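K.L.:
This is the structure I want to talk about, given as structure tokens.
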Amino acid sequence: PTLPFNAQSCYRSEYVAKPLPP
Amino acid sequence: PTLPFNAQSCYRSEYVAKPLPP
Amino acid sequence: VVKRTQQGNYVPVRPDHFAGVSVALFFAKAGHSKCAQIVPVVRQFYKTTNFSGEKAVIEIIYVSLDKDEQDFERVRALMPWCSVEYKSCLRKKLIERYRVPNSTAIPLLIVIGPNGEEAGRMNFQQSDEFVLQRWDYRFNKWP
Amino acid sequence: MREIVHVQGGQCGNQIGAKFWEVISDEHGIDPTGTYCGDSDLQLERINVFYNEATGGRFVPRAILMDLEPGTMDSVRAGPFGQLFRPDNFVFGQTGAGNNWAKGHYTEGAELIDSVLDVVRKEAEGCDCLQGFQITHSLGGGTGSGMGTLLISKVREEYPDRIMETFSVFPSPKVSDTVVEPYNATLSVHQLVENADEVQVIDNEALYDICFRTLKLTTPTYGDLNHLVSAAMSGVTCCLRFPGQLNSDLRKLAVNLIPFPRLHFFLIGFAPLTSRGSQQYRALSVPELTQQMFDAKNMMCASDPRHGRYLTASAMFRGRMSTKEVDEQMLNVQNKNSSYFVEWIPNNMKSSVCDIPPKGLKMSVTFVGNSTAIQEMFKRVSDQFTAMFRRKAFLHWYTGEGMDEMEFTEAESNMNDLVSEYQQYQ
Amino acid sequence: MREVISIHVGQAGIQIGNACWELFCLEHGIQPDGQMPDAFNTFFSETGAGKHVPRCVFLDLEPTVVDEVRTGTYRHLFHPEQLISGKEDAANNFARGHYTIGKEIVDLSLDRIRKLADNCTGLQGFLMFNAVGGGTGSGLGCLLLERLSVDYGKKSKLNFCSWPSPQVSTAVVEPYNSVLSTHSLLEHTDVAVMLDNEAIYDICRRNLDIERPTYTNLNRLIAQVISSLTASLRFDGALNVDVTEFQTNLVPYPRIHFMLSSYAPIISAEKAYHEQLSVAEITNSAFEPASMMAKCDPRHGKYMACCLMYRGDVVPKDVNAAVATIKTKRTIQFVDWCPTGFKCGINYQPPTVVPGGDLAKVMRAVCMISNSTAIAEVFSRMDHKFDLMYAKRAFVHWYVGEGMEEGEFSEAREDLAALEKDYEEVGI
Amino acid sequence: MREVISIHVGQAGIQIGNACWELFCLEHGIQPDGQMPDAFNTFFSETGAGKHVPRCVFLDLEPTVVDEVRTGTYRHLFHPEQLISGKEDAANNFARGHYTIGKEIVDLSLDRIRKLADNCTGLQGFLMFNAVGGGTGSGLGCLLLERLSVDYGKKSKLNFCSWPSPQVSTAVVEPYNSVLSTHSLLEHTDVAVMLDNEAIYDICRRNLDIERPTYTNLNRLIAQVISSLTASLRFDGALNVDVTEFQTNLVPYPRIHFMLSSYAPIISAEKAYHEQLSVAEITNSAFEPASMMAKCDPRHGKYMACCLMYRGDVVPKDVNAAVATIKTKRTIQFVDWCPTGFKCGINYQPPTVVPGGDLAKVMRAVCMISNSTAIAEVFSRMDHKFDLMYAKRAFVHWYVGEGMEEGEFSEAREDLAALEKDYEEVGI
Amino acid sequence: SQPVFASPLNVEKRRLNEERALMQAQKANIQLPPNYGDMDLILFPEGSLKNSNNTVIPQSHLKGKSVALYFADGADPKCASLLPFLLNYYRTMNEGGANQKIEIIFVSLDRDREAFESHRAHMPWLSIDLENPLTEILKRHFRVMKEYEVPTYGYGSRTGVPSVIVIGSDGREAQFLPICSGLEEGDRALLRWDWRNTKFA
Ligand SMILES: Nc1nc2c(ncn2[C@@H]2O[C@H](COP(=O)(O)OP(=O)(O)OP(=O)(O)O)[C@@H](O)[C@H]2O)c(=O)[nH]1
Ligand SMILES: Nc1nc2c(ncn2[C@@H]2O[C@H](COP(=O)(O)OP(=O)(O)OP(=O)(O)O)[C@@H](O)[C@H]2O)c(=O)[nH]1
Ligand SMILES: Nc1nc2c(ncn2[C@@H]2O[C@H](COP(=O)(O)OP(=O)(O)O)[C@@H](O)[C@H]2O)c(=O)[nH]1
Ligand SMILES: [Mg+2]
Ligand SMILES: [Mg+2]
């Protein structure tokens, strides 16, 4: 058997494409 | 064979919204 | 959604009637010993304070926790004031909005202000029975 | 907030306190698998007083089970609400103390007390700031009286400011198995007076007397006795778990019931108590409740409270009620029963209100009172101790294990001073 | 502007604070959210988009009441760290709330008081509600007066203490906490108004005719009293009287600032509509001896000074006419050395009734705060209770072990006796 | 035109810069591609059609943080060789930072620094971001400062060092590393600002009620502080304060340039609803001891000079009224040889909130940088830890094996002791 | 492409909007492919949202309010613990004011219809039925997964059940409320919900 990989880095979690201010 | 819950705190019973005077 | 009993049948209520006066809803249930205790007392009190004068001063909207159309029509056949409609969603809306647990809670009078939010709470599961007149029907009249 | 660590020892302490967690989980609405059901906030807002989050949403009791034999541990696990407890919190012996305080405390209980001290350090230090401890055990037996009181002495050294209250089942008045009973009782009593802030006494012939007149049960098993104990047991912590108009936690209760430090032996009562037949014919009002809990035949010790004076007492009311009529009635009892109280303390009595009554009722009260009428208990154990000690009977099981003769005289010197100290105040 | 800061300490402090901050919200017509659809500045601040936040602090060492305010209906009205809660209660011990566990949250309390007093100048004064018989109401309150008198030395301090009744007390530790807090509020509290629980039980049982009242029935009456004392700051009237106005008119001597309270009319639903509430009638009903709010019979006392706060459609001639009848009435005795002892503070705004409550809309009302020499008996009761218990050191070891020495029990005894002697010699 | 070059060396510098550069991209409104849909010139260059690229260099000797910038969201914003990577981590060794590995990556950095500097004259200065606790942030960061000052001589060189905490470490040899760096950056950095992880932890706990913050919560607040310093360079202001104003107004003597920080307000969404953020209040909270950025209590020092950068709808009236209040209040003390002691800089642009962050939208903010005598203590607790463990030559065989001689340990120690005496002599 | 690009909802969005752009260009110097700001979608169609005792509520009554999706399960003990706190929060918040501010749309991860009706019998806010494919396309869009079984295109599991996600008009997440997330503040993350800024316009 195997278990799936689930984890992502903290950089990719909270450094993403933020919506620009108007 | 349990029973449902039918008790509320006295603050929640006497301190609710209240109609403003005109 | 709110009906009035006349000679022969039922009529929908006029929204202009609820203005200028005071409004309480009566949470109750047929087949309860305390409800059968309290219903005729409020009946005689209602007729006395509303026919002792020229203008009406109070009205009661009766809301039921009954599980039967037969019992609902049974109490509506002899109760003089207003009533709600059984299948309309406003009855369950009022229950979950006003927290009646559906006992030691029925009967209940919740006096309501004009904006739909309460102006008084009154119960009868207690020793005192002279509490009907402790509700002022002149500070809180709808516009 | 605060958490009460529950430490459970002996055959009695497990069996009456396993069904303690029957009642607390019922009020808080805990499915035996640990999940919550009951769609309200008042239960769950203060649940860490007796439970711990377990990263899967399930609530484990912060309870530790002790015994020197694996018999009753199997039975507690196998019943309903047996899967609630953490299996690590179980600590087992293999030998068992055969109704001997010596091998409960000195010899065999020493090899196990290091493991159970390890588990109580883990789940008391890991919290924010604990309030106290709650220990449930018996006195007639060996593993509850002996190894339980060893833990009380050990924890009181480790944590010297947390409150320590005990739901202790004292020996029987009349009908008693465990023939070496007063030896274990007297030794546990003089160790209880030095380390336990509050002691709450329970007698079995008290509980048999309750369920013969009031509850009218013809055949009362051990389960319904524990249900009666756990009813008044959970009432002591009504103020902690649920909000109320006048709150009173354990440290509230300690400063209010204990005038002098050595005298801290209490007297537990619960109300209302009615049969199933006459359940629906009574008027559940605060006149009726207060008369129910000031009555000699409603207490959980078969010692007459009319034969002494109430030094101080407290009633912790539960349910939506009137604060005036609970204040007037609790002064109404003092105005007539002035000869049953003491004079140099004005207004002996305490009021506290919890807004959440226990399940299936609508109004309840638990009575705990520091009465000098409890001296009929300690005289009864002492004269049984004196009769069995002049003839040097049964000492050879105690001296053989490694216990000296001198502390038997020391224990008797302690309880005679305890009896005499209560006698000054009558 | 003209701002006062209300400090609530202890369970009685918080639960009285719930009633007063319900009434002030309804009176100025602001919602539980905090915004209404400049007379409200005396009790509320301003925050951007029309939200008015109260100028209050909630202090209690025990979470079970302050936390349950946060979860209740008035969530967003109060600022989140204007409500301060500890971990463990004082547990009916003055030594705990003053030495061991009190000091942890005192600095948090002063920080919010500092930040709320420095918003604007013209701070009119401090108000405090606390329970004398309780643990933190006496313990944390004594520390908070001590560390407020040193910083804001000039400002007035009005205290509203829930004193233990003579008969009903719900504590054996309450004679200790009463006499240990009297040494606190002699030399820090400017003017103290003396409140008693079962006095209000008797008022709400024969005037408004509730057989079985509760704490949310008494607290409304306290809220109407506080609203009448501070009505003059909020609204325009014929004769305005501030909180600096009270110290110069009621206390003639530095150590004597213990005074009763009275409200009229405490009237029900049925009674109110059937009755003329004359300006003469509400004043006569206020001076009735049992109608005071302290359970302290004033017939065996002498009135030193007295202030009457009128509220409603009150004309000044009827005030002058009614109070002349009171002075020429023979029953109440006035002290010889104080010839003039009455106040007229007349305000225009009628009392705003909380719906769902128990009082009626009445057109006019009077609230009386009177300094009298009848305070000797209410201290003589607590003094004799303290002498019986301390005769054999009952409940003393709890106090000694937490840091308080044995000897503050000794010295606070004659401090109450020094207070008792002063009330005797002033009645000469 | 006007340019500032940002250097981020080490893991702390890179991950601070990631929060630092998303704030600048968001505030000027550019996408991660680099093209918006002339205030950007100080930070972003101009290439092609609409594309702007940062004026930055990213340095690390280990690949596992700059390679993972290359793979994350902002690939194409940065120029490909603004992200210089080594092969082997410096591994908590200052000697490894100078003499072993740092002698091969410094040539790549100076080439990119020179090529990015010379495209326009008017270089306002170099910002430097580094951790003095680590190896490549302290060792290689020193080598850049020695190489930058010898060629780019009179240009201003600000620095932002994440100085180690008094109790929180995550590194056991950081007593050795940051002592050696202190002797280095003393004679190269024009203005040094200490940032402390334990300081920002307590800021995130009592303000934002974040019980468990991580490193990226920390760097958002650091990014706002950097944005407030350079806000006057970028946007128009009623009273401008650029990079050159900082040094000429905060560094009374050439070796006294270690200085503090404080940012206010730091308010979450649930608390901004109830406070008005008056100019008086946001400058009162800036001087609060628990509001600092470096974990040193300011009461045991005297402020040598102070700089206050206001940012938002700050009227120039209320600055003078509020800073007169600070000068009147006597818990804050100033040294006698600086009677005029403040700097005021106002910018109209309100702060830009990152979506999905932790702060709330506020209409004004203050950044305060203070040169104090209290910095003697944060060097002294540093001073005592190094002596307690150098005296038995623990952890020296790593340092002496990688090139440096003991004797540089002794020289750096006395140079700190010379700095220690300098704060004592100037505080007279 | 917010918050993800590989969403079925975003794929459907791009297909319809770029089809509209092509048809407009054929009818008429217009940007192909269209910009993400100019792409528009209707999120909840007419038959999606149903209130208590099954009456259809359109998307028009969600205007000018703060709208959050409640990804919830029936037998999950964390969900059973979080439910009463959010019930009390919703009730108190809506009573506190003249107008009602927040709304909750419930997305179910239950096993079957009996579990769905048993759990939804408590709730007073709006709920999306289990058979409607919206309850899975929104799941894949906002990256909710009980366990890693969905073919997931290089995502990370953004959340585990329970979760509440404040949604925008065009499907962008206004804010993540951290119950089981990087902040791990269970049953107290609800206080971080701001409602001035996250208005469903
Ligand atoms: N009038 C009035 N009195 C109250 C109320 N709540 C408590 N009290 C008084 O408070 C006294 C008990 O002390 P508490 O106030 O409960 O104790 P505390 O001040 O909160 O301090 P702790 O004991 O540490 O909790 C009683 O004698 C009551 O008279 C209230 O709501 N209204
Ligand atoms: N403010 C802040 N400081 C950080 C952060 N990450 C690491 N640090 C600091 O960095 C110190 C550890 O040194 P590192 O930066 O990891 O090491 P380095 O500077 O990259 O040099 P090496 O040791 O060779 O890796 C810790 O004491 C932290 O104080 C961050 O994200 N924010
Ligand atoms: N009320 C009650 N009493 C018990 C229970 N179990 C034991 N006892 C009492 O405890 C004594 C037996 O001692 P035991 O607890 O078995 O000894 P141990 O092995 O040392 O714990 C008897 O006198 C019983 O009256 C119980 O479940 N309920
Ligand atoms: Mg208290
Ligand atoms: Mg490195």
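We name chains A, B, ... following the order of the structure tokens; residues begin at 1 in each chain, and ligands are numbered from 1 as shown.
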Select residues of chain G: the criterion is any atom within 10 Å of an atom of chain A, counting only C-alpha atoms; output as a list in words.
P.N.:
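That gives the following set of residues: residues 1, 2, 3, 4, 147, 148, 149, 154, 155, 156, 157, 158, 172, 174 and 182 of chain G.
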K.L.:
Please build the interface table for chain E against ligand 4 with a cut-off of 8 Å, listing for each qualifying residue the nearest atom pair and the distance in Å to one decimal; count only C-alpha atoms and all ligand atoms, order rows by chain and increasing number, and write it as JSON lines.
P.N.:
{"residue": "E:9", "atom": "CA", "partner": "ligand 4", "partner_atom_place_in_ligand_line": "1 (Mg)", "distance": 7.6}
{"residue": "E:10", "atom": "CA", "partner": "ligand 4", "partner_atom_place_in_ligand_line": "1 (Mg)", "distance": 4.2}
{"residue": "E:11", "atom": "CA", "partner": "ligand 4", "partner_atom_place_in_ligand_line": "1 (Mg)", "distance": 5.0}
{"residue": "E:12", "atom": "CA", "partner": "ligand 4", "partner_atom_place_in_ligand_line": "1 (Mg)", "distance": 7.8}
{"residue": "E:60", "atom": "CA", "partner": "ligand 4", "partner_atom_place_in_ligand_line": "1 (Mg)", "distance": 5.7}
{"residue": "E:61", "atom": "CA", "partner": "ligand 4", "partner_atom_place_in_ligand_line": "1 (Mg)", "distance": 6.3}
{"residue": "E:62", "atom": "CA", "partner": "ligand 4", "partner_atom_place_in_ligand_line": "1 (Mg)", "distance": 6.4}
{"residue": "E:89", "atom": "CA", "partner": "ligand 4", "partner_atom_place_in_ligand_line": "1 (Mg)", "distance": 6.1}
{"residue": "E:90", "atom": "CA", "partner": "ligand 4", "partner_atom_place_in_ligand_line": "1 (Mg)", "distance": 6.1}
{"residue": "E:91", "atom": "CA", "partner": "ligand 4", "partner_atom_place_in_ligand_line": "1 (Mg)", "distance": 7.0}
{"residue": "E:92", "atom": "CA", "partner": "ligand 4", "partner_atom_place_in_ligand_line": "1 (Mg)", "distance": 7.5}
{"residue": "E:134", "atom": "CA", "partner": "ligand 4", "partner_atom_place_in_ligand_line": "1 (Mg)", "distance": 6.0}
{"residue": "E:135", "atom": "CA", "partner": "ligand 4", "partner_atom_place_in_ligand_line": "1 (Mg)", "distance": 5.3}
{"residue": "E:136", "atom": "CA", "partner": "ligand 4", "partner_atom_place_in_ligand_line": "1 (Mg)", "distance": 4.5}
{"residue": "E:137", "atom": "CA", "partner": "ligand 4", "partner_atom_place_in_ligand_line": "1 (Mg)", "distance": 5.9}
K.L.:
Dump N, CA and C atoms for the selected residues as a CSV table (one decimal), in the first residue's frame?
P.N.:
chain,number,residue,atom,x,y,z
E,9,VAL,N,-16.4,46.3,38.7
E,9,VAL,CA,-15.5,45.4,39.3
E,9,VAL,C,-16.4,44.4,40.0
E,10,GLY,N,-16.1,43.1,39.8
E,10,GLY,CA,-16.9,42.0,40.5
E,10,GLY,C,-18.2,41.6,39.8
E,11,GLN,N,-18.7,40.5,40.2
E,11,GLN,CA,-19.9,40.0,39.6
E,11,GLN,C,-21.1,41.0,39.7
E,12,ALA,N,-21.3,41.5,40.9
E,12,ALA,CA,-22.3,42.5,41.0
E,12,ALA,C,-22.0,43.8,40.2
E,60,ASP,N,-13.1,41.5,36.2
E,60,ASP,CA,-13.5,40.4,37.2
E,60,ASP,C,-12.4,39.4,37.0
E,61,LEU,N,-11.9,38.8,38.1
E,61,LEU,CA,-10.9,37.8,38.0
E,61,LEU,C,-11.3,36.5,37.5
E,62,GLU,N,-12.6,36.3,37.4
E,62,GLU,CA,-13.2,35.0,37.1
E,62,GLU,C,-13.9,35.1,35.7
E,89,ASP,N,-10.9,32.9,40.3
E,89,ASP,CA,-11.6,33.9,41.1
E,89,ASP,C,-11.0,34.2,42.4
E,90,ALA,N,-11.3,35.4,43.0
E,90,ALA,CA,-10.8,35.7,44.3
E,90,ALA,C,-11.4,34.8,45.3
E,91,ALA,N,-12.6,34.2,45.1
E,91,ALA,CA,-13.2,33.2,45.9
E,91,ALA,C,-13.4,33.7,47.4
E,92,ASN,N,-14.1,34.8,47.5
E,92,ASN,CA,-14.6,35.4,48.7
E,92,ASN,C,-13.5,35.7,49.7
E,134,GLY,N,-18.2,40.6,48.3
E,134,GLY,CA,-17.6,39.6,47.5
E,134,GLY,C,-16.0,39.7,47.6
E,135,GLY,N,-15.4,38.8,46.8
E,135,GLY,CA,-14.0,38.8,46.8
E,135,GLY,C,-13.3,39.9,46.0
E,136,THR,N,-13.5,39.8,44.7
E,136,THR,CA,-12.8,40.8,43.8
E,136,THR,C,-13.5,42.2,43.8
E,137,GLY,N,-14.7,42.2,44.2
E,137,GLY,CA,-15.4,43.5,44.3
E,137,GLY,C,-14.8,44.4,45.4
K.L.:
Among range 125-355 of chain E, which residues does DSSP mark as strand (DSSP E or B) when it is run on the backbone? Keep the chain and numbering as in the structure and answer as a count of residues only.
P.N.:
43
K.L.:
Using CA of residue 323 in chain F and CA of residue 299 in chain F as the two end points, give the distance in Å to one decimal.
P.N.:
18.2 Å
K.L.:
Within 9 Å of ligand 2, which residues show up when you count only C-alpha atoms and all ligand atoms? List them as a ChimeraX atom specification, please.
P.N.:
/F:9-16,60-62,88-94,96-97,130-141,161-165,168-171,174,195-198,200,214-219,222
K.L.:
Could you save the residues just selected, with N, CA and C atoms, as a compact mmCIF listing (two decimals), in the first residue's frame?
P.N.:
# COMPACT_ATOMS: atom_id res chain seq x y z
N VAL F 9 20.70 39.32 2.09
CA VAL F 9 21.62 38.20 2.20
C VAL F 9 21.11 37.29 3.31
N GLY F 10 21.31 36.00 3.14
CA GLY F 10 20.92 35.04 4.15
C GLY F 10 19.45 34.69 4.09
N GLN F 11 19.09 33.66 4.85
CA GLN F 11 17.72 33.16 4.81
C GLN F 11 16.75 34.16 5.40
N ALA F 12 17.16 34.85 6.46
CA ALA F 12 16.27 35.84 7.04
C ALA F 12 16.10 37.03 6.12
N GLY F 13 17.15 37.41 5.41
CA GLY F 13 17.04 38.53 4.49
C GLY F 13 16.15 38.24 3.31
N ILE F 14 16.23 37.03 2.77
CA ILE F 14 15.43 36.66 1.61
C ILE F 14 13.96 36.59 1.98
N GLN F 15 13.65 35.92 3.08
CA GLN F 15 12.26 35.73 3.45
C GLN F 15 11.65 37.00 4.03
N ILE F 16 12.46 37.90 4.58
CA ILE F 16 11.97 39.25 4.87
C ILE F 16 11.69 39.98 3.57
N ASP F 60 22.32 33.97 -1.13
CA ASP F 60 22.46 32.92 -0.14
C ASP F 60 23.49 31.92 -0.63
N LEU F 61 24.23 31.35 0.31
CA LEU F 61 25.18 30.31 -0.03
C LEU F 61 24.53 28.95 -0.19
N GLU F 62 23.32 28.78 0.31
CA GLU F 62 22.63 27.53 0.09
C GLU F 62 21.49 27.74 -0.90
N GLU F 88 26.87 25.42 -1.03
CA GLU F 88 26.95 24.86 0.31
C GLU F 88 26.62 25.93 1.34
N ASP F 89 25.82 25.55 2.33
CA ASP F 89 25.41 26.46 3.38
C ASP F 89 26.60 26.85 4.24
N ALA F 90 26.59 28.10 4.72
CA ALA F 90 27.67 28.59 5.57
C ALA F 90 27.71 27.89 6.91
N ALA F 91 26.56 27.42 7.39
CA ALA F 91 26.44 26.56 8.56
C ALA F 91 26.94 27.24 9.84
N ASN F 92 26.30 28.37 10.17
CA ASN F 92 26.44 29.02 11.48
C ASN F 92 27.89 29.35 11.83
N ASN F 93 28.66 29.75 10.82
CA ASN F 93 30.09 29.96 11.00
C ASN F 93 30.46 31.27 10.33
N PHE F 94 30.90 32.24 11.13
CA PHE F 94 31.34 33.51 10.57
C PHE F 94 32.60 33.33 9.75
N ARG F 96 33.50 30.77 8.01
CA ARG F 96 33.09 30.24 6.72
C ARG F 96 32.50 31.34 5.84
N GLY F 97 31.86 32.33 6.45
CA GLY F 97 31.26 33.41 5.68
C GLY F 97 32.29 34.30 5.01
N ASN F 130 19.82 41.55 6.71
CA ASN F 130 20.66 40.43 7.10
C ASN F 130 20.29 39.98 8.50
N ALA F 131 20.72 38.77 8.84
CA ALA F 131 20.59 38.23 10.18
C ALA F 131 21.98 38.10 10.77
N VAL F 132 22.21 38.74 11.92
CA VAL F 132 23.52 38.63 12.54
C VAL F 132 23.66 37.34 13.33
N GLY F 133 22.59 36.56 13.46
CA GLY F 133 22.69 35.28 14.12
C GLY F 133 23.25 34.17 13.26
N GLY F 134 23.09 34.27 11.95
CA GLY F 134 23.46 33.19 11.06
C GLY F 134 24.88 33.32 10.53
N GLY F 135 25.20 32.44 9.59
CA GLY F 135 26.50 32.43 8.96
C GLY F 135 26.63 33.32 7.74
N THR F 136 25.80 33.09 6.72
CA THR F 136 25.93 33.85 5.48
C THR F 136 25.31 35.23 5.60
N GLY F 137 24.36 35.41 6.51
CA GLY F 137 23.85 36.74 6.75
C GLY F 137 24.81 37.63 7.51
N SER F 138 25.67 37.04 8.34
CA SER F 138 26.63 37.80 9.12
C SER F 138 28.00 37.79 8.47
N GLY F 139 28.45 36.63 8.01
CA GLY F 139 29.78 36.54 7.43
C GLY F 139 29.85 37.17 6.06
N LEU F 140 29.02 36.70 5.13
CA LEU F 140 29.03 37.25 3.78
C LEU F 140 28.47 38.66 3.77
N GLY F 141 27.56 38.97 4.69
CA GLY F 141 27.05 40.33 4.79
C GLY F 141 28.13 41.33 5.16
N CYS F 161 19.26 44.64 10.84
CA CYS F 161 19.77 43.39 11.37
C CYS F 161 18.73 42.75 12.27
N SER F 162 18.48 41.46 12.06
CA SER F 162 17.60 40.70 12.94
C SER F 162 18.46 40.20 14.09
N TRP F 163 18.68 41.09 15.05
CA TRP F 163 19.54 40.81 16.19
C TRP F 163 18.95 39.70 17.05
N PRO F 164 19.78 38.83 17.62
CA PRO F 164 19.25 37.70 18.38
C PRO F 164 18.54 38.11 19.66
N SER F 165 17.55 37.33 20.02
CA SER F 165 16.68 37.56 21.16
C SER F 165 17.40 37.25 22.46
N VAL F 168 15.11 33.69 23.13
CA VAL F 168 14.82 32.84 21.98
C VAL F 168 16.05 32.77 21.10
N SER F 169 16.49 31.56 20.75
CA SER F 169 17.73 31.46 20.00
C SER F 169 17.62 30.78 18.64
N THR F 170 17.14 29.54 18.58
CA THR F 170 17.21 28.65 17.41
C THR F 170 18.64 28.44 16.88
N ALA F 171 19.67 28.80 17.65
CA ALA F 171 21.06 28.67 17.25
C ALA F 171 21.95 28.83 18.47
N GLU F 174 25.19 31.44 18.07
CA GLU F 174 24.93 32.85 17.80
C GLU F 174 25.55 33.83 18.80
N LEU F 195 16.08 44.55 14.89
CA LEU F 195 14.79 43.90 14.87
C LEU F 195 14.92 42.59 15.64
N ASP F 196 13.95 42.28 16.47
CA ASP F 196 14.08 41.18 17.41
C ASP F 196 12.85 40.30 17.32
N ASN F 197 13.06 38.99 17.19
CA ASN F 197 11.93 38.10 16.95
C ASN F 197 11.04 38.00 18.17
N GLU F 198 11.62 38.10 19.37
CA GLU F 198 10.79 38.06 20.56
C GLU F 198 9.98 39.33 20.70
N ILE F 200 8.67 41.09 18.10
CA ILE F 200 7.54 41.06 17.18
C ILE F 200 6.55 39.98 17.58
N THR F 214 3.74 32.73 12.86
CA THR F 214 4.89 32.14 12.20
C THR F 214 5.76 33.25 11.63
N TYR F 215 6.82 32.85 10.92
CA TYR F 215 7.79 33.83 10.43
C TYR F 215 7.19 34.74 9.38
N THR F 216 6.22 34.27 8.61
CA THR F 216 5.67 35.14 7.58
C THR F 216 4.69 36.16 8.16
N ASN F 217 4.12 35.90 9.34
CA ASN F 217 3.40 36.96 10.02
C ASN F 217 4.35 38.04 10.49
N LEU F 218 5.58 37.67 10.82
CA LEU F 218 6.53 38.63 11.34
C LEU F 218 6.96 39.59 10.25
N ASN F 219 7.19 39.05 9.05
CA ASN F 219 7.82 39.82 8.00
C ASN F 219 6.85 40.77 7.33
N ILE F 222 7.36 43.83 9.29
CA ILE F 222 8.66 44.40 8.95
C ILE F 222 8.58 45.11 7.60
K.L.:
As a ChimeraX atom specification, please: every protein or nucleic acid residue near ligand 3 (cut-off 8 Å, counting only C-alpha atoms and all ligand atoms).
P.N.:
/D:9-16,67-68,96-100,104,137-146,169-172,176-178,202-204,207,222-223,225-226,229
K.L.:
Could you save those same residues with C-alpha atoms as a CSV table (one decimal), in the first residue's frame?
P.N.:
chain,number,residue,atom,x,y,z
D,9,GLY,CA,-8.6,4.6,42.7
D,10,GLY,CA,-9.7,1.2,44.1
D,11,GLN,CA,-12.7,-0.9,43.3
D,12,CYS,CA,-15.2,1.5,44.8
D,13,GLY,CA,-13.5,4.6,43.4
D,14,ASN,CA,-13.6,3.3,39.9
D,15,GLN,CA,-17.1,1.9,40.1
D,16,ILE,CA,-18.8,5.0,41.6
D,67,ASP,CA,-6.0,-0.2,40.8
D,68,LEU,CA,-3.6,-2.9,42.0
D,96,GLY,CA,-3.7,-6.6,44.5
D,97,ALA,CA,-3.8,-5.4,48.1
D,98,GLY,CA,-5.8,-7.9,50.0
D,99,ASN,CA,-7.7,-5.3,52.2
D,100,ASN,CA,-4.3,-4.2,53.6
D,104,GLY,CA,-1.5,-0.5,49.6
D,137,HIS,CA,-12.0,6.2,46.6
D,138,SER,CA,-13.1,4.2,49.6
D,139,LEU,CA,-11.6,3.6,53.0
D,140,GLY,CA,-12.5,0.1,54.0
D,141,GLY,CA,-10.4,-1.5,51.3
D,142,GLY,CA,-6.8,-1.6,50.6
D,143,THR,CA,-6.1,-0.2,47.1
D,144,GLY,CA,-8.5,2.7,47.4
D,145,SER,CA,-7.6,3.7,51.0
D,146,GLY,CA,-3.9,2.9,50.9
D,169,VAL,CA,-16.8,6.3,51.0
D,170,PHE,CA,-16.4,5.8,54.7
D,171,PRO,CA,-16.9,2.5,56.5
D,172,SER,CA,-20.4,1.2,57.2
D,176,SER,CA,-19.8,-4.6,57.0
D,177,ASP,CA,-17.8,-7.0,55.1
D,178,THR,CA,-13.9,-6.5,55.0
D,202,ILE,CA,-20.5,8.9,51.8
D,203,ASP,CA,-22.0,5.9,53.6
D,204,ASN,CA,-23.6,2.9,51.9
D,207,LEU,CA,-27.5,5.4,50.4
D,222,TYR,CA,-24.8,-0.8,43.1
D,223,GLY,CA,-25.5,1.1,39.9
D,225,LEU,CA,-26.3,4.0,44.4
D,226,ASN,CA,-23.6,5.4,42.2
D,229,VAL,CA,-23.7,9.7,44.5
